[PDB]
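A structural walkthrough
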Amino acid sequence: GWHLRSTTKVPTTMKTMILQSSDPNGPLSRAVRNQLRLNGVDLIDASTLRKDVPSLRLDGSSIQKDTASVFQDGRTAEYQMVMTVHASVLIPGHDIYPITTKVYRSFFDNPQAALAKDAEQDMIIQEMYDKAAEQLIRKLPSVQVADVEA
Amino acid sequence: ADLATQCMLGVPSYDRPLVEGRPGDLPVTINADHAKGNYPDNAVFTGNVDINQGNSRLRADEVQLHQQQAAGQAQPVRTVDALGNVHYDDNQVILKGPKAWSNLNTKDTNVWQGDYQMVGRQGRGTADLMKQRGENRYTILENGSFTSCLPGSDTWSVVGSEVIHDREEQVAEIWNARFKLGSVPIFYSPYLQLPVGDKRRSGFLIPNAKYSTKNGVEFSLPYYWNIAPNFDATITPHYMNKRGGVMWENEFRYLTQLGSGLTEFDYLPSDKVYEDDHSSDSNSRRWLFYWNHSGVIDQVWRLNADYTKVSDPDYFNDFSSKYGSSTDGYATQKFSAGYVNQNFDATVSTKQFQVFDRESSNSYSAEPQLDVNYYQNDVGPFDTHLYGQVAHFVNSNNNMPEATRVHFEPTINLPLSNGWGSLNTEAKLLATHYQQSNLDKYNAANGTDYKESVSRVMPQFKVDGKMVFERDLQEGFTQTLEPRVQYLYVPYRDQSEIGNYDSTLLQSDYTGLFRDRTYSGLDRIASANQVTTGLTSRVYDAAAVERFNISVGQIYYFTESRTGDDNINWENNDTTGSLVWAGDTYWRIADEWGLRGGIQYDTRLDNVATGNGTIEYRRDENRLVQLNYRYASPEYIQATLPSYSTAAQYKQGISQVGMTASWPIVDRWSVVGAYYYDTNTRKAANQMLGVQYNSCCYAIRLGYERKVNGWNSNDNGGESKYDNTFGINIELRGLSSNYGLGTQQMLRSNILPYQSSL
Ligand SMILES: CCCCCCCCOCCOCCOCCOCCO
Ligand SMILES: CCCCCCCCOCCOCCOCCOCCO
């Protein structure tokens, strides 16, 4: 019988936010703005007044695919993928706040049906983007509580 | 540390006011004890003579000013001579010499038999003639000896008859150059170039040495050619002993508005080892063509390219590069071009492969492959999506059947949210058409019944929902609980008349449990009738930062997932019940340290499918340690990968522990270690030991790498082939600087690289 609504209610200061990125048509950007749409956040362009409204700038993403393990013949057993995403919260008059997130997954490799393993891989990537966006949203209250007087 | 500061200790700091411009028109202040003769003609100062002019600070024992006519037009030939004990100093370089001369109009200064030392930056030496000509731009040195490392030990020095240091062009040209490692010379050249700047190199040529077990003594001397400030080429003669010949490696980086890209082309004319191993033909040439490209035109156009082609399937096994390794089982040849806007995106691509095997390369290829997505996020309370695909599949072997697939998939979604949780109802349709050909030949061999005109229509009903609860903890910490459930239903369709082109089994991550797909691609779709239940408990601190998290999932089946061709080799015959289980976890503890875990278990295998766990002590930038572990049961390999379980090397599955050590012993030497060890066959699969010597002006690194490469046939069942590799690399640096270290660079180089798992 404990109190509900947690992870800090998405800051009413940032109930309406502007999304900035180098590539707004990229997978990361679209996953982010969709994840924002999911949490009931209003997205407005930077063509208005923009005085009290903060913004979310996407620095850049980077996916790393290395060999996690191998068999007894030296060939790859499974690949481990690491999606690194850099971002920054810009509040008018409150400087900036960097947000670095990383997504970790892995999957077995099958040369014979590489094509299949390609498609699968792509799918994984997609999911890894989505989860990344989630990991970006959950780290917002830290930026909110970062706003202290000193 | 900040070694740069340590190297700036011997280097002067220079105080004094910085004057903007040139000290040519500026007046000349002369302060001494002694001063005889005609001031504008023949002036003679003596006794601690101090002469200042803007940035020109000169101090001597005796200074003489001797002039010429300079009549008519216009200026005076202001010619300043200097007899003895000349100590010159400015904002750039300190000069010390016996006899000196200087013209202050053109700012041309000469010093005979003197020593010099740069200010603000490293660089000293001794020359018979030190000159600053061309308005203090060109620094000429006749009979000069130059070195960067100032005191302690005469570790290296370059001597030359005619050296020239250009400041604007930023370059150190040397005529009759002789390089010395102290007092012992090695190389002599009619002419050399040592760059001071950055962009646009064309630097002389820096080589590197290696010693592998397969190639023997390796010696690379890579040429570098910079064409334009956007694209350049990099040739590389790579002498190999056991191979007996020079391998030419042609690199080519480019950057245009259509995007960036890289083009590699390695080539070896004759190989003795490959000729002896394969004497079926006289042709023994081995090459590698690589081409990558990434471009985003006007934010809407996307041009990507990943092409990798080799000559022989045993290329990467022998030769190692930044483009492939012995772990690679095939080569990827994909070209992608797409228009992605916002609510709509159409990407067409061609996918081809190159399986690295002597006789089992029956891999398919899409030619082409068209994908189309069209979204509509607001239809009242609904949001709709439209997916479409047209893919023509062919095969390298003409025995395998060809196909033409037209897939259509509309997805109607309905999101609902209030506060404490949310529920999303998704209704999807999966229509598919197949036009297959060349079936009669494959209709034999095995039990197959593929027809030319095939169709498949499968509806899909999904209901997702998750809640959020809060429990307060101690000293500001806040715990939360996230229960999630998702039901899925798809009717059964007999797909025995449909071939497999892009379908394989997947891995069940905690998030993967909520995936509405059993196979990859759109060939084999399972008859869904399941309910997925999972719990996600998270632990935050007072700073609203996620420090801990744990998830556990369970999939319940009402009926078994059938496709119409389920030839999966399971251990038991369990059809219904909670078959699939998962569990992930993540720990952060403090600013350093950490933990990660992921476990996948299946009841049909009667054993855990996968199990990975990685712990890591990471500081912040460098010097860190990692310990990992991965496990994949033999049953998992037997079920997921048929025919592989028949072999002895893929039978036991996976059970390896990974080690990565990187902690500096001395504040100069960089110690690097790594150790990947298998527990099933109790044999070390991989191990690396590397060291480095970072002085201040140069650096030599020695790397050792023992790794598993190939499988040895015959014998008493067979064993793993081991290969050792030594590597001697030398980098000068310290000039343009921003180098040295290696930090973790040496870690990522093995067949099993070190990844940052926090
Ligand atoms: C025992 C006292 C120290 C002896 C000399 C101190 C007084 C300094 O007077 C030196 C006079 O010479 C000044 C030369 O002026 C150079 C600049 O003007 C020449 C052209 O503008
Ligand atoms: C990272 C390479 C090692 C560092 C030394 C070389 C300098 C790095 O840049 C060289 C390659 O980058 C190409 C420069 O970008 C193009 C600039 O002009 C394009 C505008 O039209």
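Method of determination, as given in the entry header: X-ray crystallography; reported resolution: 4.369 Å.

**Looking at the overall build of chain B**
Of the regular secondary structure elements, chain B holds four helices and 43 strands. Computed over the C-alpha atoms, the radius of gyration of chain B is 36 Å, more than 25% above the 27 Å expected from 2.2 N^0.38 for a compact globule of 758 residues. Along the three orthogonal principal directions, the C-alpha set of chain B runs to about 115 × 75 × 55 Å. Expressed as a percentage of its 758 residues, the buried residues of chain B come to 44%. In chain B, the share of contacts with a sequence separation of at least 24, taken over all contacts with a separation of at least 6, comes to 49%. Entry remark: accessible area of chain B is about 39400 Å², with carbon and sulfur atoms responsible for 53%. Between the mean site of the 67 positive side-chain charges and the mean site of the 88 negative ones, chain B shows a separation of 3 Å.

**A look at the overall build of chain A**
A tally of regular secondary structure across chain A gives three helices and five strands. For chain A, the succession of helices and strands along the chain, N to C, is β-α-β-β-β-β-α-α. Its C-alpha radius of gyration of 19 Å places chain A more than 25% over the 15 Å reference for a compact globule of 150 residues. Here the C-alpha coordinates of chain A stretch approximately 60 × 45 × 30 Å along the principal axes. Taken across its 150 residues, chain A has 53% of its residues classed as buried. When the accessible surface of chain A is totalled, it reaches about 6700 Å², and 51% of it is carbon and sulfur. Averaging the coordinates of the 17 positive side-chain charges in chain A and doing the same for the 18 negative ones gives two points 4 Å apart.

**A short note on the site of ligand 2**
Residues and elements named next belong to chain B. With respect to spatial proximity, the complete set of residues near ligand 2 consists of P229, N230 and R253. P229 places a polar main-chain atom, nitrogen or oxygen, 2.8 Å from an oxygen atom of ligand 2. In isolation ligand 2 offers 570 Å² of accessible surface; the protein chains occlude 33% of this area.

**Quick look at a nonpolar patch on the surface**
Residue and element names in this part refer to chain B. A cluster of nonpolar residues, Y211, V217, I665, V666, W669, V691, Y693, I700, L702, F726, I728 and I730, forms a patch on the protein surface that exposes about 1000 Å² of accessible area. When residues in the nonpolar patch are grouped by element, the largest group, three residues, is from strand β43 (residues 719–731). Looking at the secondary structure, you find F726 in strand β43. When its relative accessible area of 38% is taken as the criterion, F726 is described as partly exposed.

**A look at the pairing of strand β30 (residues 453–467) of chain B**
Residue and element names in this part refer to chain B. Note that strand β29 (residues 421–437) and β30 share 15 bridges and pair antiparallel. Across the sheet, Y434 pairs through a bridge with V454, a residue of β30. With six bridges joining them, β30 and strand β32 (residues 478–489) adopt antiparallel strand pairing. Counted as the bridge partner of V463 is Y487 from β32.

**Side note on the sheet that holds strand β4 (residues 76–90) of chain A**
All names here are of chain A. Strand order across the open sheet formed by five strands is β2-β1-β3-β4-β5, with mixed pairing between neighbours. In this open sheet, the two edge strands, each paired with only one partner strand, are β2 (42–43) and β5 (96–108). Here strand β1 (residues 16–21) pairs with β2 via two bridges, running parallel. In the strand pairing of β2, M17 is matched with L43.

**Observations concerning the packing of aromatic side chains**
Residues and elements named next belong to chain B. Throughout the structure, instances matching the rule amount to 33 aromatic pairs over all chains. Between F265 and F289, the ring centres sit 6.4 Å apart and the planes meet at 65°, which makes this aromatic pair edge-to-face. Of this pair, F265 sits in strand β21 (residues 259–268) while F289 sits in strand β22 (residues 286–297), and the two are 24 residues apart along the sequence. Residue classification places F289 among the partly exposed residues on the basis of a relative accessible area of 29%. Among the aromatic residues, those joined into a ring-pair cluster are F265, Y267, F289, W291, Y307 and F335. The residue whose ring lies beneath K322 is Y323, and the NZ or CZ to ring-centre distance is 5.4 Å.

**Things to note about the side chain of B:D464**
Residues and elements named next belong to chain B. Relative to the assigned elements, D464 resides in strand β30. What makes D464 buried here is its relative accessible area of 14%. Engagement of the side chain of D464 in a polar contact is seen with the side chain of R484, the distance being 3.4 Å. Not counting chain neighbours up to four residues away, the residues in contact with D464 comprise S422, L423, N424, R484, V485 and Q486.

**A few points about the domain arrangement of chain B**
All names here are of chain B. Assigned domains within chain B: domain 1 (4–195) and domain 2 (201–328). One C-alpha centre belongs to domain 1, the other to domain 2, and the line joining them spans 47 Å. Taken together, the four residues of domain 1 in the interface contact four residues of domain 2. Summed over the shared surface of domain 1 and domain 2, the result is zero salt bridges. At the junction of domain 1 with domain 2, the criterion picks out zero residue pairs in polar contact. Partitioning the side of domain 1 that touches domain 2 into residue classes produces three nonpolar, one polar and no charged.

**Quick notes on the side chain of A:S29**
One can find A:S29 in helix α1 (residues 27–38). Sequence-distant contacts of A:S29, defined by excluding residues within four places in its chain, comprise A:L19, A:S21, A:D23, A:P24 and A:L58.

**Brief notes about the pattern of salt bridges**
Residues and elements named next belong to chain B. Enumeration over the complete set of coordinates arrives at 42 salt bridges over all chains. Across the pair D502 and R405 runs a salt bridge whose closest N-O atoms are separated by 2.6 Å. Linking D502 in the loop between β32 and β33 (529–540) with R405 in strand β28 (residues 402–417), this pair joins segments that are 97 residues apart in sequence.

**Thoughts on the interface of chain A and chain B**
Facing the 60 residues of chain A at the interface are 81 residues of chain B. Looking at the side of chain A facing chain B, the largest losses of area belong to A:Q72, A:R75 and A:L115, adding up to 13% of the total buried there. Linking chain A with chain B are nine salt bridges. We note a salt bridge from B:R630 to A:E78, for which the minimum N-O separation is 3.2 Å. Applying the counting rule to chain A against chain B returns 24 residue pairs in polar contact. Listed by contribution, the elements that provide at least two residues to the side of chain A that touches chain B are α1, β3 (55–70), β4, β5, α2 (114–137) and α3 (140–146) of chain A. Per-element tally for the side of chain A that touches chain B: the top contributor is α2(A), with eleven residues. Tallied by class, the residues present in the side of chain A that touches chain B amount to 21 nonpolar, 18 polar and 21 charged.

About the thresholds
- Residues numbered from 1 in each chain as written, not as in the entry; some residues may be left out.
- Chains lettered and ligands numbered in written order.
- Heavy atoms only, no water.
- Helix = DSSP H or I, 4+ residues; strand = E, 2+ residues; numbered from the N terminus.
- Rg over C-alpha atoms; globule rule 2.2 N^0.38 Å.
- Buried < 20%, exposed > 50% of the residue type's maximum accessible area, 1.4 Å probe, protein only.
- Contact = heavy atoms within 4.5 Å.
- Areas by Shrake-Rupley, 256 points an atom, 1.4 Å probe, with all protein chains shown as cover.
- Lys, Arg positive; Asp, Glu negative; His and termini not counted.
- Charge placed at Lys NZ, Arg CZ, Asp CG, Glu CD.
- Near = heavy atom within 4 Å.
- Polar contact = N/O pair within 3.5 Å; in protein donor to acceptor, adjacent residues only side chain to side chain.
- Patch = residues over 30% accessible without salt bridge, like charges linked within 9 Å, V, L, I, M, F, W, Y side chains within 5 Å.
- Salt bridge = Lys/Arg side-chain N within 4 Å of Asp/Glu carboxyl O.
- Pairing = 2+ DSSP bridges.
- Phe/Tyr/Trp six-rings, centres within 6.5 Å; stacked < 30°, edge-to-face > 60°.
- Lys NZ or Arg CZ within 6 Å of the ring centre and 35° of its normal.
- Domains from an automatic or database assignment.
- Nonpolar A, V, L, I, M, F, W, Y, C, P; charged D, E, K, R; others polar.
- Buried area = accessible area lost by both parts, 1.4 Å probe.

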